[PDB]
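Structure file coords.csv with CSV, N, CA, C and O atoms:
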```csv
chain,number,residue,atom,x,y,z
A,1,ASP,N,-153.7,-184.6,30.6
A,1,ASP,CA,-155.1,-184.3,30.0
A,1,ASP,C,-155.3,-185.1,28.8
A,1,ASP,O,-156.0,-184.7,27.8
A,2,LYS,N,-154.8,-186.3,28.7
A,2,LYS,CA,-154.9,-187.1,27.5
A,2,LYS,C,-155.5,-188.5,27.9
A,2,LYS,O,-155.2,-189.0,29.0
A,3,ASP,N,-156.2,-189.2,27.0
A,3,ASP,CA,-156.7,-190.5,27.3
A,3,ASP,C,-156.4,-191.5,26.2
A,3,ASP,O,-156.6,-191.2,25.0
A,4,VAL,N,-155.9,-192.7,26.5
A,4,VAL,CA,-155.6,-193.7,25.4
A,4,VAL,C,-156.9,-194.0,24.7
A,4,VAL,O,-157.8,-194.5,25.2
A,5,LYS,N,-156.9,-193.9,23.4
A,5,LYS,CA,-158.0,-194.2,22.5
A,5,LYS,C,-157.7,-195.5,21.8
A,5,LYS,O,-156.8,-195.5,21.0
A,6,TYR,N,-158.4,-196.6,22.1
A,6,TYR,CA,-158.0,-197.9,21.4
A,6,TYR,C,-158.7,-197.9,20.0
A,6,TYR,O,-159.7,-197.3,19.8
A,7,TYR,N,-158.0,-198.4,19.0
A,7,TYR,CA,-158.5,-198.5,17.6
A,7,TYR,C,-158.5,-199.9,17.1
A,7,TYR,O,-157.6,-200.7,17.3
A,8,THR,N,-159.6,-200.3,16.5
A,8,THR,CA,-159.8,-201.7,16.0
A,8,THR,C,-158.6,-202.0,15.0
A,8,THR,O,-158.0,-201.1,14.5
A,9,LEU,N,-158.4,-203.3,14.8
A,9,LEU,CA,-157.3,-203.7,13.8
A,9,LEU,C,-157.7,-203.3,12.4
A,9,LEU,O,-156.9,-203.1,11.5
A,10,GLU,N,-159.0,-203.3,12.1
A,10,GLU,CA,-159.5,-203.0,10.8
A,10,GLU,C,-159.2,-201.5,10.4
A,10,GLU,O,-159.0,-201.2,9.3
A,11,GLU,N,-159.1,-200.7,11.4
A,11,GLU,CA,-158.8,-199.2,11.1
A,11,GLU,C,-157.3,-199.0,11.0
A,11,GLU,O,-156.8,-198.2,10.2
A,12,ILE,N,-156.5,-199.8,11.7
A,12,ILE,CA,-155.0,-199.6,11.6
A,12,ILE,C,-154.5,-200.2,10.3
A,12,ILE,O,-153.5,-199.9,9.8
A,13,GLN,N,-155.2,-201.2,9.8
A,13,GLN,CA,-154.8,-201.9,8.6
A,13,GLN,C,-155.4,-201.2,7.4
A,13,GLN,O,-154.8,-201.1,6.3
A,14,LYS,N,-156.6,-200.6,7.5
A,14,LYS,CA,-157.2,-199.8,6.4
A,14,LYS,C,-156.3,-198.7,5.9
A,14,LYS,O,-156.3,-198.3,4.8
A,15,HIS,N,-155.5,-198.2,6.8
A,15,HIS,CA,-154.6,-197.1,6.4
A,15,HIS,C,-153.3,-197.6,5.8
A,15,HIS,O,-152.3,-197.7,6.4
A,16,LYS,N,-153.4,-198.0,4.5
A,16,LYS,CA,-152.2,-198.6,3.8
A,16,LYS,C,-152.0,-197.9,2.5
A,16,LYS,O,-151.8,-198.5,1.5
A,17,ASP,N,-152.1,-196.6,2.5
A,17,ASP,CA,-151.9,-195.8,1.2
A,17,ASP,C,-150.4,-195.7,0.9
A,17,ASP,O,-150.0,-196.3,-0.1
A,18,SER,N,-149.7,-194.9,1.7
A,18,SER,CA,-148.2,-194.8,1.4
A,18,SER,C,-147.6,-193.8,2.5
A,18,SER,O,-146.5,-194.0,2.9
A,19,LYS,N,-148.3,-192.8,2.9
A,19,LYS,CA,-147.8,-191.9,3.8
A,19,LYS,C,-148.6,-191.8,5.1
A,19,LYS,O,-148.2,-192.3,6.2
A,20,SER,N,-149.9,-191.4,5.0
A,20,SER,CA,-150.7,-191.3,6.2
A,20,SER,C,-151.0,-192.7,6.7
A,20,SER,O,-151.9,-193.4,6.3
A,21,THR,N,-150.2,-193.2,7.7
A,21,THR,CA,-150.5,-194.6,8.3
A,21,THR,C,-150.0,-194.6,9.7
A,21,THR,O,-149.3,-193.7,10.2
A,22,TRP,N,-150.2,-195.7,10.4
A,22,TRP,CA,-149.8,-195.9,11.8
A,22,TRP,C,-149.0,-197.2,11.9
A,22,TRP,O,-148.9,-198.0,11.0
A,23,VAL,N,-148.3,-197.4,13.0
A,23,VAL,CA,-147.5,-198.6,13.2
A,23,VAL,C,-147.6,-199.1,14.6
A,23,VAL,O,-147.6,-198.3,15.6
A,24,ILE,N,-147.8,-200.4,14.8
A,24,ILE,CA,-147.9,-200.9,16.2
A,24,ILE,C,-146.5,-201.0,16.8
A,24,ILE,O,-145.5,-201.2,16.2
A,25,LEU,N,-146.5,-200.9,18.1
A,25,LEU,CA,-145.1,-201.0,18.8
A,25,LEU,C,-145.3,-201.6,20.2
A,25,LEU,O,-145.5,-200.8,21.2
A,26,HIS,N,-145.4,-202.9,20.4
A,26,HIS,CA,-145.6,-203.5,21.7
A,26,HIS,C,-146.9,-203.1,22.3
A,26,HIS,O,-146.9,-202.3,23.3
A,27,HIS,N,-148.0,-203.5,21.8
A,27,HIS,CA,-149.3,-203.1,22.3
A,27,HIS,C,-149.5,-201.6,22.3
A,27,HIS,O,-149.4,-200.9,23.3
A,28,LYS,N,-149.6,-201.0,21.1
A,28,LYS,CA,-149.8,-199.5,21.1
A,28,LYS,C,-149.9,-199.1,19.6
A,28,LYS,O,-149.6,-199.8,18.7
A,29,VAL,N,-150.5,-197.9,19.3
A,29,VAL,CA,-150.7,-197.4,17.9
A,29,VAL,C,-149.8,-196.2,17.7
A,29,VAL,O,-149.8,-195.3,18.6
A,30,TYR,N,-149.1,-196.1,16.6
A,30,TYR,CA,-148.3,-194.9,16.4
A,30,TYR,C,-148.7,-194.1,15.1
A,30,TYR,O,-148.3,-194.5,14.0
A,31,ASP,N,-149.5,-193.1,15.3
A,31,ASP,CA,-149.9,-192.3,14.1
A,31,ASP,C,-148.6,-191.5,13.7
A,31,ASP,O,-148.4,-190.5,14.2
A,32,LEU,N,-147.9,-192.1,12.8
A,32,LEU,CA,-146.6,-191.4,12.4
A,32,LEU,C,-146.7,-190.8,10.9
A,32,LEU,O,-145.8,-190.9,10.2
A,33,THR,N,-147.9,-190.3,10.6
A,33,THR,CA,-148.1,-189.8,9.2
A,33,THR,C,-147.2,-188.5,9.1
A,33,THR,O,-146.7,-188.2,8.0
A,34,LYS,N,-146.9,-187.8,10.2
A,34,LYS,CA,-146.0,-186.6,10.1
A,34,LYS,C,-144.6,-187.1,10.3
A,34,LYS,O,-143.7,-186.4,9.9
A,35,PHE,N,-144.3,-188.2,10.9
A,35,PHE,CA,-142.9,-188.6,11.2
A,35,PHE,C,-142.2,-188.8,9.8
A,35,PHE,O,-141.0,-188.7,9.7
A,36,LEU,N,-143.0,-189.2,8.8
A,36,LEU,CA,-142.3,-189.4,7.5
A,36,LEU,C,-141.6,-188.1,7.0
A,36,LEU,O,-140.6,-188.2,6.3
A,37,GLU,N,-142.2,-187.0,7.3
A,37,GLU,CA,-141.5,-185.7,6.9
A,37,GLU,C,-141.1,-184.9,8.1
A,37,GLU,O,-141.0,-183.7,8.1
A,38,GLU,N,-140.8,-185.6,9.2
A,38,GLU,CA,-140.4,-184.9,10.5
A,38,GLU,C,-138.9,-185.1,10.7
A,38,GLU,O,-138.2,-184.3,11.3
A,39,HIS,N,-138.4,-186.3,10.3
A,39,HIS,CA,-137.0,-186.6,10.6
A,39,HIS,C,-136.4,-187.4,9.3
A,39,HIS,O,-136.5,-188.6,9.3
A,40,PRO,N,-135.9,-186.6,8.4
A,40,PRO,CA,-135.4,-187.2,7.1
A,40,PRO,C,-133.9,-187.6,7.3
A,40,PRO,O,-133.0,-186.8,7.2
A,41,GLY,N,-133.7,-188.9,7.6
A,41,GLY,CA,-132.3,-189.3,7.8
A,41,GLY,C,-132.3,-190.8,8.1
A,41,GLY,O,-131.4,-191.6,7.7
A,42,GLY,N,-133.3,-191.3,8.9
A,42,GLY,CA,-133.4,-192.7,9.2
A,42,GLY,C,-134.4,-193.4,8.3
A,42,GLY,O,-135.5,-193.0,8.2
A,43,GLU,N,-134.0,-194.5,7.7
A,43,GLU,CA,-134.9,-195.2,6.8
A,43,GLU,C,-135.7,-196.3,7.6
A,43,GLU,O,-136.8,-196.7,7.3
A,44,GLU,N,-135.0,-196.9,8.6
A,44,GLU,CA,-135.7,-197.9,9.5
A,44,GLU,C,-137.0,-197.4,10.1
A,44,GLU,O,-137.8,-198.2,10.5
A,45,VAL,N,-137.1,-196.1,10.2
A,45,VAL,CA,-138.3,-195.5,10.8
A,45,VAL,C,-139.6,-195.9,10.0
A,45,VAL,O,-139.6,-195.6,8.8
A,46,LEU,N,-140.5,-196.6,10.5
A,46,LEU,CA,-141.7,-197.0,9.8
A,46,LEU,C,-141.3,-197.9,8.5
A,46,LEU,O,-141.9,-197.8,7.5
A,47,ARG,N,-140.3,-198.7,8.6
A,47,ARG,CA,-139.8,-199.5,7.5
A,47,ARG,C,-139.4,-200.9,8.0
A,47,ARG,O,-139.8,-201.9,7.5
A,48,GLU,N,-138.5,-200.9,9.0
A,48,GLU,CA,-138.1,-202.2,9.5
A,48,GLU,C,-139.3,-203.0,10.1
A,48,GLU,O,-139.7,-202.8,11.2
A,49,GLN,N,-139.9,-203.9,9.3
A,49,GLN,CA,-141.0,-204.7,9.8
A,49,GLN,C,-141.4,-205.7,8.8
A,49,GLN,O,-142.6,-206.0,8.6
A,50,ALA,N,-140.4,-206.3,8.1
A,50,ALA,CA,-140.7,-207.3,7.1
A,50,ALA,C,-140.9,-208.7,7.8
A,50,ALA,O,-141.6,-209.5,7.3
A,51,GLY,N,-140.2,-208.9,8.9
A,51,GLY,CA,-140.3,-210.2,9.6
A,51,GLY,C,-141.8,-210.4,10.1
A,51,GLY,O,-142.6,-211.1,9.5
A,52,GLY,N,-142.1,-209.8,11.2
A,52,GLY,CA,-143.5,-209.9,11.7
A,52,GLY,C,-143.5,-210.7,13.1
A,52,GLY,O,-144.4,-211.4,13.4
A,53,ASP,N,-142.4,-210.6,13.8
A,53,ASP,CA,-142.3,-211.3,15.1
A,53,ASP,C,-142.3,-210.4,16.2
A,53,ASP,O,-142.8,-210.6,17.3
A,54,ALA,N,-141.7,-209.2,16.1
A,54,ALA,CA,-141.6,-208.2,17.2
A,54,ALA,C,-140.9,-206.9,16.6
A,54,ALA,O,-139.8,-207.0,16.2
A,55,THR,N,-141.6,-205.8,16.7
A,55,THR,CA,-140.9,-204.5,16.3
A,55,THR,C,-139.8,-204.1,17.2
A,55,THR,O,-140.1,-203.4,18.2
A,56,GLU,N,-138.6,-204.6,17.0
A,56,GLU,CA,-137.5,-204.2,17.9
A,56,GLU,C,-136.5,-203.3,17.2
A,56,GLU,O,-135.9,-202.5,17.8
A,57,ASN,N,-136.4,-203.5,15.9
A,57,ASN,CA,-135.5,-202.7,15.1
A,57,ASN,C,-136.2,-201.5,14.4
A,57,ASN,O,-135.9,-201.1,13.3
A,58,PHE,N,-137.2,-201.0,15.1
A,58,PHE,CA,-138.0,-199.9,14.5
A,58,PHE,C,-137.2,-198.6,14.5
A,58,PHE,O,-137.3,-197.8,13.6
A,59,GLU,N,-136.3,-198.5,15.4
A,59,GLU,CA,-135.4,-197.3,15.5
A,59,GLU,C,-134.2,-197.5,16.4
A,59,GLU,O,-134.4,-198.1,17.5
A,60,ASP,N,-133.1,-197.1,16.1
A,60,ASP,CA,-131.9,-197.3,16.9
A,60,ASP,C,-131.2,-195.9,17.3
A,60,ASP,O,-131.2,-195.5,18.4
A,61,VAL,N,-130.7,-195.2,16.3
A,61,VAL,CA,-130.1,-193.9,16.6
A,61,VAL,C,-130.4,-193.0,15.4
A,61,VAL,O,-130.9,-193.4,14.4
A,62,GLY,N,-130.1,-191.7,15.5
A,62,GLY,CA,-130.3,-190.7,14.4
A,62,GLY,C,-131.3,-189.7,14.9
A,62,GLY,O,-132.2,-189.3,14.3
A,63,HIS,N,-131.1,-189.2,16.1
A,63,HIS,CA,-132.0,-188.1,16.7
A,63,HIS,C,-131.3,-187.4,17.8
A,63,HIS,O,-130.9,-187.9,18.8
A,64,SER,N,-131.0,-186.1,17.6
A,64,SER,CA,-130.3,-185.3,18.7
A,64,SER,C,-128.9,-185.8,18.8
A,64,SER,O,-128.0,-185.3,18.2
A,65,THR,N,-128.7,-186.7,19.7
A,65,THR,CA,-127.3,-187.3,19.9
A,65,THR,C,-127.4,-188.7,20.4
A,65,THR,O,-126.7,-189.6,19.8
A,66,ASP,N,-128.1,-189.0,21.4
A,66,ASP,CA,-128.2,-190.3,22.0
A,66,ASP,C,-129.7,-190.6,22.3
A,66,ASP,O,-130.0,-191.2,23.3
A,67,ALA,N,-130.6,-190.2,21.5
A,67,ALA,CA,-132.1,-190.5,21.7
A,67,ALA,C,-132.3,-192.0,21.8
A,67,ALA,O,-132.0,-192.7,20.9
A,68,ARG,N,-132.9,-192.5,22.8
A,68,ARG,CA,-133.2,-193.9,22.9
A,68,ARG,C,-134.2,-194.3,21.8
A,68,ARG,O,-133.9,-195.3,21.1
A,69,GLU,N,-135.3,-193.6,21.7
A,69,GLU,CA,-136.3,-194.0,20.7
A,69,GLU,C,-137.3,-192.9,20.5
A,69,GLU,O,-138.0,-192.5,21.5
A,70,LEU,N,-137.4,-192.3,19.4
A,70,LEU,CA,-138.4,-191.1,19.2
A,70,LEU,C,-139.8,-191.7,19.4
A,70,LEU,O,-140.7,-190.9,19.7
A,71,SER,N,-140.0,-193.0,19.2
A,71,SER,CA,-141.4,-193.5,19.4
A,71,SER,C,-142.0,-193.1,20.8
A,71,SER,O,-141.7,-193.8,21.8
A,72,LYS,N,-142.7,-192.0,20.8
A,72,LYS,CA,-143.3,-191.5,22.1
A,72,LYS,C,-144.1,-190.3,21.8
A,72,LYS,O,-145.2,-190.1,22.3
A,73,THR,N,-143.6,-189.4,21.0
A,73,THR,CA,-144.3,-188.1,20.6
A,73,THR,C,-145.1,-188.3,19.3
A,73,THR,O,-145.4,-187.3,18.7
A,74,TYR,N,-145.4,-189.5,19.0
A,74,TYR,CA,-146.2,-189.8,17.7
A,74,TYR,C,-147.3,-190.9,18.0
A,74,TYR,O,-147.7,-191.5,17.0
A,75,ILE,N,-147.6,-191.1,19.2
A,75,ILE,CA,-148.6,-192.2,19.5
A,75,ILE,C,-150.0,-191.6,19.5
A,75,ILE,O,-150.2,-190.4,19.8
A,76,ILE,N,-151.0,-192.3,19.2
A,76,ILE,CA,-152.4,-191.8,19.2
A,76,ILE,C,-153.2,-192.5,20.3
A,76,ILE,O,-154.0,-191.9,21.0
A,77,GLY,N,-153.0,-193.8,20.5
A,77,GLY,CA,-153.8,-194.5,21.5
A,77,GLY,C,-153.1,-195.9,21.7
A,77,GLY,O,-152.0,-196.1,21.5
A,78,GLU,N,-153.9,-196.9,22.1
A,78,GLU,CA,-153.4,-198.3,22.3
A,78,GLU,C,-154.2,-199.2,21.4
A,78,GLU,O,-155.0,-198.8,20.6
A,79,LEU,N,-153.9,-200.5,21.5
A,79,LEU,CA,-154.6,-201.5,20.7
A,79,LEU,C,-155.9,-202.0,21.5
A,79,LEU,O,-155.8,-202.3,22.7
A,80,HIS,N,-157.0,-202.1,20.8
A,80,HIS,CA,-158.2,-202.6,21.5
A,80,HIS,C,-158.0,-204.0,22.1
A,80,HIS,O,-157.2,-204.8,21.6
A,81,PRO,N,-158.5,-204.2,23.3
A,81,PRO,CA,-158.3,-205.5,24.1
A,81,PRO,C,-159.1,-206.6,23.4
A,81,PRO,O,-158.8,-207.8,23.6
A,82,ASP,N,-160.0,-206.3,22.6
A,82,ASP,CA,-160.8,-207.4,21.9
A,82,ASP,C,-159.9,-208.2,21.0
A,82,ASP,O,-160.1,-209.4,20.8
A,83,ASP,N,-158.8,-207.6,20.5
A,83,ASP,CA,-157.9,-208.4,19.7
A,83,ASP,C,-156.7,-209.0,20.5
A,83,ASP,O,-156.1,-210.0,20.1
A,84,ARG,N,-156.4,-208.3,21.6
A,84,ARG,CA,-155.3,-208.8,22.5
A,84,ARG,C,-155.6,-210.2,23.0
A,84,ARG,O,-156.6,-210.4,23.7
A,85,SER,N,-154.9,-211.2,22.6
A,85,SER,CA,-155.1,-212.6,23.1
A,85,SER,C,-155.0,-212.7,24.6
A,85,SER,O,-154.0,-212.9,25.2
A,86,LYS,N,-156.1,-212.5,25.3
A,86,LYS,CA,-156.1,-212.5,26.8
A,86,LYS,C,-157.6,-212.5,27.3
A,86,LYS,O,-157.9,-212.0,28.4
A,87,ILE,N,-158.5,-213.1,26.6
A,87,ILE,CA,-159.9,-213.2,27.0
A,87,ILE,C,-160.4,-214.6,27.1
A,87,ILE,O,-160.6,-215.1,28.2
A,88,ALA,N,-160.5,-215.3,26.0
A,88,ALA,CA,-160.9,-216.7,26.0
A,88,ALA,C,-159.7,-217.6,26.2
A,88,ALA,O,-159.4,-218.2,27.2
A,89,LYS,N,-158.9,-217.8,25.1
A,89,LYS,CA,-157.7,-218.6,25.2
A,89,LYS,C,-156.5,-217.8,24.7
A,89,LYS,O,-156.6,-216.7,24.2
A,90,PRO,N,-155.3,-218.4,24.9
A,90,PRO,CA,-154.0,-217.7,24.6
A,90,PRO,C,-153.7,-218.0,23.1
A,90,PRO,O,-153.3,-217.1,22.4
A,91,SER,N,-153.8,-219.2,22.6
A,91,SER,CA,-153.6,-219.5,21.2
A,91,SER,C,-152.2,-219.0,20.8
A,91,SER,O,-151.2,-219.8,20.9
A,92,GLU,N,-152.0,-217.8,20.3
A,92,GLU,CA,-150.7,-217.3,19.9
A,92,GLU,C,-149.8,-217.3,21.1
A,92,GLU,O,-148.6,-217.7,21.0
A,93,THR,N,-150.2,-216.8,22.2
A,93,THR,CA,-149.4,-216.7,23.4
A,93,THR,C,-149.4,-218.1,24.1
A,93,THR,O,-150.1,-218.9,23.8
A,94,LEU,N,-148.5,-218.2,25.1
A,94,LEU,CA,-148.5,-219.5,25.8
A,94,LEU,C,-148.2,-219.3,27.3
A,94,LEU,O,-147.4,-218.4,27.6
```

Show me the file's structure as structure tokens.
Amino acid sequence: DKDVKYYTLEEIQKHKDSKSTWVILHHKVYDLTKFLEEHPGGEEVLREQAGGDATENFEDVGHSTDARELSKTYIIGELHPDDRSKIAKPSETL
């Protein structure tokens, strides 16, 4: 009973205060404003992203016992297709 709600890039970037913010993860939006105070133990959560090539080290371990990735119960919607390079030309993609 849920529908993916796409959010423009201006709305995902406008949220840059310090706590209430979201994070992209392979074409997707993660409203993790509560994740900051939901699992106190992993620092890479909403932190590992200084490079800017691909969010792969967003989370490894530190949940229950062998959780693959908590990234799933904190998503709000997906990324608008108007920004996804797949309409006129590829440019970034090849």

Name the residues in contact with residue A:13 at a cut-off of 8 Å, using only N, CA, C and O atoms, excluding same-chain residues fewer than 5 positions from it; report them as an mmCIF file with N, CA, C and O atoms, in the frame of the given file.
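Final file, around34.cif:
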```
data_model
loop_
_atom_site.group_PDB
_atom_site.id
_atom_site.type_symbol
_atom_site.label_atom_id
_atom_site.label_comp_id
_atom_site.auth_asym_id
_atom_site.auth_seq_id
_atom_site.Cartn_x
_atom_site.Cartn_y
_atom_site.Cartn_z
ATOM 1 N N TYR A 7 -158.000 -198.400 19.000
ATOM 2 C CA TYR A 7 -158.500 -198.500 17.600
ATOM 3 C C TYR A 7 -158.500 -199.900 17.100
ATOM 4 O O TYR A 7 -157.600 -200.700 17.300
ATOM 5 N N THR A 8 -159.600 -200.300 16.500
ATOM 6 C CA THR A 8 -159.800 -201.700 16.000
ATOM 7 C C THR A 8 -158.600 -202.000 15.000
ATOM 8 O O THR A 8 -158.000 -201.100 14.500
ATOM 9 N N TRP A 22 -150.200 -195.700 10.400
ATOM 10 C CA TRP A 22 -149.800 -195.900 11.800
ATOM 11 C C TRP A 22 -149.000 -197.200 11.900
ATOM 12 O O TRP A 22 -148.900 -198.000 11.000
#
```

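Here the DSSP assignment of strand (DSSP E or B), based on backbone atoms, applies within stretch 24-88 of chain A to residues 24, 29, 30, 31, 77 and 79 of chain A.
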
In Å and to one decimal, atom CA of residue A:11 is distant from atom N of residue A:46 by 18.5 Å

Residues near residue A:19, anyone? I mean within 8 Å using all atoms listed in the file, not counting same-chain ones fewer than 3 positions away, as a PDB file with N, CA, C and O atoms, in the frame of the given file.
```
ATOM      1  N   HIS A  15    -155.500-198.200   6.800  1.00  0.00           N
ATOM      2  CA  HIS A  15    -154.600-197.100   6.400  1.00  0.00           C
ATOM      3  C   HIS A  15    -153.300-197.600   5.800  1.00  0.00           C
ATOM      4  O   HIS A  15    -152.300-197.700   6.400  1.00  0.00           O
ATOM      5  N   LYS A  16    -153.400-198.000   4.500  1.00  0.00           N
ATOM      6  CA  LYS A  16    -152.200-198.600   3.800  1.00  0.00           C
ATOM      7  C   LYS A  16    -152.000-197.900   2.500  1.00  0.00           C
ATOM      8  O   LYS A  16    -151.800-198.500   1.500  1.00  0.00           O
ATOM      9  N   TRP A  22    -150.200-195.700  10.400  1.00  0.00           N
ATOM     10  CA  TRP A  22    -149.800-195.900  11.800  1.00  0.00           C
ATOM     11  C   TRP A  22    -149.000-197.200  11.900  1.00  0.00           C
ATOM     12  O   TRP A  22    -148.900-198.000  11.000  1.00  0.00           O
ATOM     13  N   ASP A  31    -149.500-193.100  15.300  1.00  0.00           N
ATOM     14  CA  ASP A  31    -149.900-192.300  14.100  1.00  0.00           C
ATOM     15  C   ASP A  31    -148.600-191.500  13.700  1.00  0.00           C
ATOM     16  O   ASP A  31    -148.400-190.500  14.200  1.00  0.00           O
ATOM     17  N   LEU A  32    -147.900-192.100  12.800  1.00  0.00           N
ATOM     18  CA  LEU A  32    -146.600-191.400  12.400  1.00  0.00           C
ATOM     19  C   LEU A  32    -146.700-190.800  10.900  1.00  0.00           C
ATOM     20  O   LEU A  32    -145.800-190.900  10.200  1.00  0.00           O
ATOM     21  N   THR A  33    -147.900-190.300  10.600  1.00  0.00           N
ATOM     22  CA  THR A  33    -148.100-189.800   9.200  1.00  0.00           C
ATOM     23  C   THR A  33    -147.200-188.500   9.100  1.00  0.00           C
ATOM     24  O   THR A  33    -146.700-188.200   8.000  1.00  0.00           O
ATOM     25  N   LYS A  34    -146.900-187.800  10.200  1.00  0.00           N
ATOM     26  CA  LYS A  34    -146.000-186.600  10.100  1.00  0.00           C
ATOM     27  C   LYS A  34    -144.600-187.100  10.300  1.00  0.00           C
ATOM     28  O   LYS A  34    -143.700-186.400   9.900  1.00  0.00           O
ATOM     29  N   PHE A  35    -144.300-188.200  10.900  1.00  0.00           N
ATOM     30  CA  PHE A  35    -142.900-188.600  11.200  1.00  0.00           C
ATOM     31  C   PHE A  35    -142.200-188.800   9.800  1.00  0.00           C
ATOM     32  O   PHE A  35    -141.000-188.700   9.700  1.00  0.00           O
ATOM     33  N   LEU A  36    -143.000-189.200   8.800  1.00  0.00           N
ATOM     34  CA  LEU A  36    -142.300-189.400   7.500  1.00  0.00           C
ATOM     35  C   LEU A  36    -141.600-188.100   7.000  1.00  0.00           C
ATOM     36  O   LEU A  36    -140.600-188.200   6.300  1.00  0.00           O
TER      37      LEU A  36
END
```

What gap, in Å, lies between atom C of residue A:43 and atom O of residue A:77?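 For atom C of residue A:43 relative to atom O of residue A:77, the distance reads 21.4 Å.
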
Figure out the distance between atom CA of residue A:76 and atom N of residue A:5, please, to one decimal in Å. 6.5 Å

May I have the residues at most 9 Å from (-148.9, -194.0, 20.0) in the file's coordinates, counting only C-alpha atoms, as a PyMOL selection string? chain A and resi 4+22-25+28-32+71-78

Which residue of A:45, A:70, A:79, A:38 approaches residue A:58 most closely, using all atoms listed in the file: A:45

Mind checking DSSP for chain A and telling me the alpha helix (DSSP H) residues as a PyMOL selection string? chain A and resi 9-14

Mind writing stretch 23-80 of chain A to a file for me, with C-alpha atoms, as a PDB file, in the first residue's frame?
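Output file result34.pdb is given in full below:
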```
ATOM      1  CA  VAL A  23      20.974  10.259   1.227  1.00  0.00           C
ATOM      2  CA  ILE A  24      20.909   8.754  -2.294  1.00  0.00           C
ATOM      3  CA  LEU A  25      21.702   5.033  -2.716  1.00  0.00           C
ATOM      4  CA  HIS A  26      21.828   3.678  -6.303  1.00  0.00           C
ATOM      5  CA  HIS A  27      18.834   5.607  -7.739  1.00  0.00           C
ATOM      6  CA  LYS A  28      16.784   6.106  -4.537  1.00  0.00           C
ATOM      7  CA  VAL A  29      16.188   8.593  -1.684  1.00  0.00           C
ATOM      8  CA  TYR A  30      16.780   7.709   1.989  1.00  0.00           C
ATOM      9  CA  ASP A  31      15.054   9.942   4.557  1.00  0.00           C
ATOM     10  CA  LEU A  32      17.353   8.889   7.417  1.00  0.00           C
ATOM     11  CA  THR A  33      16.629  11.836   9.748  1.00  0.00           C
ATOM     12  CA  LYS A  34      15.659   9.284  12.432  1.00  0.00           C
ATOM     13  CA  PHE A  35      18.503   6.856  11.549  1.00  0.00           C
ATOM     14  CA  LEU A  36      20.911   9.350  13.180  1.00  0.00           C
ATOM     15  CA  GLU A  37      19.356   8.506  16.577  1.00  0.00           C
ATOM     16  CA  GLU A  38      18.113   4.976  15.736  1.00  0.00           C
ATOM     17  CA  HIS A  39      21.423   3.052  15.657  1.00  0.00           C
ATOM     18  CA  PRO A  40      24.251   4.658  17.737  1.00  0.00           C
ATOM     19  CA  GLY A  41      27.354   2.568  16.919  1.00  0.00           C
ATOM     20  CA  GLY A  42      28.148   2.858  13.185  1.00  0.00           C
ATOM     21  CA  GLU A  43      29.723   6.133  11.984  1.00  0.00           C
ATOM     22  CA  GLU A  44      29.853   5.204   8.270  1.00  0.00           C
ATOM     23  CA  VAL A  45      26.031   5.480   8.316  1.00  0.00           C
ATOM     24  CA  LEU A  46      25.189   8.730   6.461  1.00  0.00           C
ATOM     25  CA  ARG A  47      28.907   9.647   6.562  1.00  0.00           C
ATOM     26  CA  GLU A  48      30.949   7.565   4.081  1.00  0.00           C
ATOM     27  CA  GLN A  49      30.428   9.706   0.951  1.00  0.00           C
ATOM     28  CA  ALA A  50      33.431  12.041   0.518  1.00  0.00           C
ATOM     29  CA  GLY A  51      34.460  10.499  -2.832  1.00  0.00           C
ATOM     30  CA  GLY A  52      31.303  10.919  -4.956  1.00  0.00           C
ATOM     31  CA  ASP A  53      31.649   7.963  -7.364  1.00  0.00           C
ATOM     32  CA  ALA A  54      29.251   5.386  -5.857  1.00  0.00           C
ATOM     33  CA  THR A  55      27.741   4.886  -2.375  1.00  0.00           C
ATOM     34  CA  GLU A  56      29.113   1.376  -1.702  1.00  0.00           C
ATOM     35  CA  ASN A  57      30.648   1.846   1.774  1.00  0.00           C
ATOM     36  CA  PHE A  58      27.448   3.397   3.194  1.00  0.00           C
ATOM     37  CA  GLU A  59      27.090   0.463   5.628  1.00  0.00           C
ATOM     38  CA  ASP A  60      28.866  -2.878   6.209  1.00  0.00           C
ATOM     39  CA  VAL A  61      28.068  -4.433   9.615  1.00  0.00           C
ATOM     40  CA  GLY A  62      26.754  -3.314  13.045  1.00  0.00           C
ATOM     41  CA  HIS A  63      23.087  -4.405  13.179  1.00  0.00           C
ATOM     42  CA  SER A  64      21.567  -7.480  14.892  1.00  0.00           C
ATOM     43  CA  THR A  65      24.322  -9.980  13.903  1.00  0.00           C
ATOM     44  CA  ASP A  66      24.781 -10.296  10.115  1.00  0.00           C
ATOM     45  CA  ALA A  67      22.456  -7.618   8.668  1.00  0.00           C
ATOM     46  CA  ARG A  68      23.376  -7.099   4.989  1.00  0.00           C
ATOM     47  CA  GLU A  69      22.343  -3.413   4.987  1.00  0.00           C
ATOM     48  CA  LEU A  70      19.783  -1.515   7.110  1.00  0.00           C
ATOM     49  CA  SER A  71      19.201   0.726   4.035  1.00  0.00           C
ATOM     50  CA  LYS A  72      15.589  -0.362   3.353  1.00  0.00           C
ATOM     51  CA  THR A  73      13.384   0.678   6.299  1.00  0.00           C
ATOM     52  CA  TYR A  74      14.349   4.374   5.916  1.00  0.00           C
ATOM     53  CA  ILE A  75      13.558   5.120   2.235  1.00  0.00           C
ATOM     54  CA  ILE A  76      10.972   7.750   1.199  1.00  0.00           C
ATOM     55  CA  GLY A  77      10.830   7.371  -2.601  1.00  0.00           C
ATOM     56  CA  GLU A  78      13.105   7.312  -5.680  1.00  0.00           C
ATOM     57  CA  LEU A  79      15.007   9.913  -7.754  1.00  0.00           C
ATOM     58  CA  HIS A  80      13.018  11.901 -10.362  1.00  0.00           C
TER      59      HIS A  80
END
```
